[PDB]
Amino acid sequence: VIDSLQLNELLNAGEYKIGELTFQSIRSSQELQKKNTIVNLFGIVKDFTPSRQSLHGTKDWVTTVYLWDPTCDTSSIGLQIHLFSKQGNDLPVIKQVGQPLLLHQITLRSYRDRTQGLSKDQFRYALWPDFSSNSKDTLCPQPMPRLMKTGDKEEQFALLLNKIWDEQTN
């Protein structure tokens, strides 16, 4: 039951809790850190690339998303995150930009002086509908393996995020 002012309070602190998980704001994440730390993220899908199997390396499936949250400029593209899956395609099925996404277990690291996010093997996630859409089926059924059960605490934070995102781009 938090409003638009509490959201800014939390985020502007770097680390913040929601439910039983501590989250890193998009901003503080990009604080280019050499040491690879694992974090949880919560934000709006600013842009994404559909699931495609890699053509090299261990050839794992990979979907890419760019995350956005208030601590960013409505202009910036967000934090880049590559989500990999060695166990088949049980990755987030994203329909459109604007959808709130919670990610659990993301390695933060550097690529060409910038910060980048790489998914841990056992990463889990939760995806919400794009509330600010004339469509009500913006969220399609998700694969179960990595799907987190969420409560009203994160549901509220997801509404807030999508609301604040909608305003800054209407």
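All residue numbers are counted from 1 along the displayed sequence.
Mean C-alpha B-factor is higher over 137 to 145 than over the other stretch, the pair under comparison being 137 to 145 and 38 to 46.
Higher mean CA temperature factor between 49 to 57 and 102 to 110: 49 to 57, per the PDB entry.
Take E155, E15, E20, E9 and read off each C-alpha B-factor from the entry; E9 has the highest. In this PDB entry, the Cα temperature factor of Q96 sits in the middle third of its chain's modelled residues. When the modelled residues of the chain are ordered by their C-alpha B factor, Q33 lands in the highest third.
Placement of the Cα temperature factor of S132 within the chain: highest third of the modelled residues, per the deposited record. Ranked by C-alpha B-factor against the other modelled residues of its chain, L83 falls in the lowest third.
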